[PDB]
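I have placed the structure first, in the form of structure tokens, so that the comments after it can refer back to it.
Labels A, B, C, D and E are assigned to the chains in the order they are written; within every chain, residues are numbered from 1.
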Amino acid sequence: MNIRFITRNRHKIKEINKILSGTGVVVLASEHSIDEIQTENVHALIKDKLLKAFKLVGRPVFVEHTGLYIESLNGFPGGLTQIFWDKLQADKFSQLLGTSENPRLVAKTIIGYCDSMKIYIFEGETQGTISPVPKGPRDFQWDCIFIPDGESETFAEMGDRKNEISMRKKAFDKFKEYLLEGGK
Amino acid sequence: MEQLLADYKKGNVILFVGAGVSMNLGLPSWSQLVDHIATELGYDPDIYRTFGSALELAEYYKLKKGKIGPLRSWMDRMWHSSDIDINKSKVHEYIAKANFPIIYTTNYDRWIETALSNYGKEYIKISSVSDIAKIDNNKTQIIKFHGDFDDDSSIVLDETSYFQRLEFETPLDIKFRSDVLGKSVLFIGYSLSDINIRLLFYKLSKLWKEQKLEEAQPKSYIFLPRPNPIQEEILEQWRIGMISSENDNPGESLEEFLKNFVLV
Amino acid sequence: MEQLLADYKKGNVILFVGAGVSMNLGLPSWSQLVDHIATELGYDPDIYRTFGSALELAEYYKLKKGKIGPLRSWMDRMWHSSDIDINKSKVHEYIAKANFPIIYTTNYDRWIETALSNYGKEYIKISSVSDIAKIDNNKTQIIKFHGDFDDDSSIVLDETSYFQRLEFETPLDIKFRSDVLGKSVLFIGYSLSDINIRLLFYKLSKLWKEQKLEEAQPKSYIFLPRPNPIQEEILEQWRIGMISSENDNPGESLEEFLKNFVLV
Amino acid sequence: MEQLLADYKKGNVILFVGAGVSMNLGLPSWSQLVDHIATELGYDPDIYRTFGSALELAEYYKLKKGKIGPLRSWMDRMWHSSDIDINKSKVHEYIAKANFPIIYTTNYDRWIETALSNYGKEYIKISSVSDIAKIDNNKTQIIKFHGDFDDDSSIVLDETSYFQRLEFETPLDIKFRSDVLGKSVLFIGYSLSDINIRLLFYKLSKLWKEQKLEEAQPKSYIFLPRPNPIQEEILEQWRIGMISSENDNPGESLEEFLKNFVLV
Amino acid sequence: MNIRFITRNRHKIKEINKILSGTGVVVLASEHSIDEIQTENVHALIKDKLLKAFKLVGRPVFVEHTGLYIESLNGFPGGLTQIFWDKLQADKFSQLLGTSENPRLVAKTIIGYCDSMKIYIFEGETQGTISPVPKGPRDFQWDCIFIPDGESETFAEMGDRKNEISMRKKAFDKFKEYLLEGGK
């Protein structure tokens, strides 16, 4: 059973092929473009992104979106987490909130999956803290700032165990649990 | 506009009414008619709308269930609910107090019939040729153009039945042609936006002008809230006029439009 | 699939060509014509796109500028500009190398004819009723079923024209019925939300039924890049099976679909 | 003549066959059936043929025997007797070696099919509406337009089923109309005293004049070895031009007329 | 000649009539609900708001949007000013940006006018500063923290002197100069 995926990042498909290895499902890539709406309700964002994806392929497909929920910002990220990120960048974000009084933020990845019968929502959660300095590489997203609770390094630094402790790993764990029982 | 009231004094106009008077009463819309029969099938209310135009849901539901029967019973139960009052809608009563001898509806409910019965107007509802016979020359004649819920055969909710209504072979269309061979049509609540509809009109359009012979096929008009130039320029080539108001809320615009026919 | 290849081996297939095949060639879009036609009419393109449909506004331009002449002059100018290369499109090469005896099309351009000329295959263009006498059975017949740029009367660009076309009374419909009677017909490049092909399938059915020719008429086919069980179950009632591909990209799916006829 | 050969090089000639082609084989005549049914009812085969004219006589034989069963068995026995040689006739050889895609016939025998199989030509025999799905464009189509001995109901040997074939609404006539739409049609081996060929001409001429396509449809042709001026004059008004030979013996005149298509 | 307005604010029905007095044009008010998309480019927001408005009525109309642009955040809110204000409010806005090193910010009101044939964009700008404490009545938008240039009080403390130096007043006498020329 094949499940399509609509992304432009070419490492994502091989990463979830490594994640879902031996689960009875292979993941096929789609090279189209989905113009997502920018609404703070991330559930509506994943719903209309999944609707546009099923309009694009018409097969069992899923979409994912990564968001943030800062307690000091009252969850102003989320639906515009990407917009917030490239409009601020790492050093300005670090001096804005890592030097602030409340660096407590919740990082969440919401996965919406449709099997051409219904739609299904999976979400992961990870409580983190904001660094006052970007550490490690600045290549992929806000991993150079995001320090989890219970650890010290920013998510760009450790390498491989961030793929085991992330919120999208937990959302993929519930998604993998859902497909491994037969999708009932 | 003024000629419509002039021929309404002479009774040479035929009221034609769609779902635009039916959205005011809190009736179930076509969107929850898509939401249901998808969740009554195993689908999500959304996600079918990637492949559909809601006649395709009526096709898929009557194809899987074999008949149109469960859909007919469900829309008869929701369209004639207990909590909905006829009297809290001025457009229905404005239709009721007006002097319209022949009235054609494409809606499938009986709210026009209960509107005429609530204000003492004697009606004989007609849907099957049979009934055609029983026309109280006097009593208004309401004609269900797309059938009602008391006839499972000729009821038009589906793309197959909508395509059977292309060539107008059903004798209700023959009765419509015989009724409008010297009169006009006033269209209400018909959003020229959905091809089919548009088409419906087209074919229909023919009917009158069709026989421009002598006569004058008294002009015909539709009523929309928005005054766009494209639809009036398009509709004027089918011998149909355009009537619009400056009010933006459609229910109050339809109320003040029907107020012209209430007092005359 | 194998039934289509068996009928293609016997030459009982007729290729319909829609507008959806032209996306690989880089032709101007319909929306670019809406932008140009608003600029020519002195309108902002988005606000002209709002009120009116995607093709009525063409009849609005036709009525405002007298006739269809300047519009189709613009279509003939930018639809055959020298910036378009025809060797780079693999799907037109696969069409021209296939053994299609009769190719119907609703495209107004000449790129199928130029594609047949570019690969050394003789073509005959049929647009009006006088060209049916020019049919040679050793050449591939091309029928511009919706008209062509060298005849303003046969052009179907407006709602007034896009209509009595649907009653199927022009002699090109008689020609179409005559070739389709014994043979299957393949539809490519259609978006399936167009009302014209659904009326075409429904009229076909009926015909090939009332004419007790139900035993005779193979199964017609339509190509869609995505799977669609609802539309497949609807189109099965009009005796047309859909063909879906595993490729999500539509251009690669269409090229892989028309690969199957070239090698034989 | 030259235009007929130019249409033959384009493959737009559909060939008919009457009994006059098969008269050279030593096949039994119609009087050879008349004396058999006369001895079958104990009549003399001159007093039986006085108060009836062939087709009736077969009507009476069918009515007295209940069906056309024994008559079909007798025609199939003596029409395909083993002493008849198919190689000895140049007419059937020239029929088989010519490149005719579609051949209609009103014969009931199989000698055109036997001539096509004898000279290495693949053929598809069409007798009823179910055989239209077996059409191959790589093989010569043989349509038994008047039925064959394999089917009892499709046989026309009597006056009433002659009238059934003469209102022209059977599905084989629909296939005939759709085949003769673009192509000229050659008739050989016919006599003008036959009513059904003249009424077929009249039906074709009225049908083309009805739908506006008379600019297409190049004219049909008939071959009569005896020239007739006023028959050419009446058939000119139906767009059929007669072709007259010069040798008075009809067999080799028909042979040298059909010689013209073998070399091409 | 009449030009309608699509808003649910009571004071604008008399305010735009007061501002645009003498032009011979009475500004009518329509009471329909407006859904606005939420992107940073203000021009697309005023464009699609006017497109949905003209689809709603079909008569020559206009619509208004007023947004903030923090110079330290590279003009991050823009058209997300309202939702950012609803997520933060005045005290968190003051403590996060009014107490920062750079409280300099840009605020632009863009008027989009449609004459049922063309589209026109009018833009007014007035620079200002963010107050480190909220002053004045907080009932009217984010005006309790906006201190313009050359003044000392917040915009909610302006009163009826508000419509002499505001960015919306500049957008509206651009609207008035274009309307008084016959719409050429």
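Here is the rule we use: a residue touches a chain if its C-beta (ideal position, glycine included) is under 8 Å from a C-beta of that chain, and two chains touch if they have at least 3 such contacts.
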item: Reference interface A-B: repeating pair among A-C, B-E or C-E with over half of contacts shared; value: C-E
item: Most centrally placed chain, judged by C-alpha centres; value: C
item: Averaged-CA centre spacing for the pair subunit C and subunit B, given as whole angstrom; value: 34
item: Whole-Å gap between the CA centroids of subunit D and subunit E; value: 88
item: Subunit B and subunit D, separation of their C-alpha mean positions in angstrom; value: 58
item: For subunit C paired with subunit E, centre-to-centre distance based on mean C-alpha positions, whole Å; value: 50
item: Interface hub residues of subunit C, defined as touching at least two other chains; value: 51, 228
item: For subunit A, residues that touch 2 or more chains besides their own; value: 58
item: Pairwise chain contacts under the document criterion; value: A-B, A-C, A-E, B-C, B-E, C-D, C-E
item: Residues on subunit B engaged by subunit C in the complex (per definition of touch); value: 48, 51-53, 56-57, 59-60, 63-64, 159-160, 163, 166, 193, 195-196, 198-199, 202, 226, 228-231, 233-234, 237
item: Footprint of subunit B on subunit A - complex, ascending; value: 47, 51, 54-55, 58, 114, 116-119
item: Contacting residues of subunit B [partner subunit E, same complex]; value: 225-228, 244, 246, 248-249
item: Interface residues, subunit E side, partner subunit A - complex; value: 37-40, 72-74, 76, 80, 83-84, 87-88, 92, 96
item: In the complex, subunit A residues that touch subunit C; value: 4, 28, 30-32, 56-59
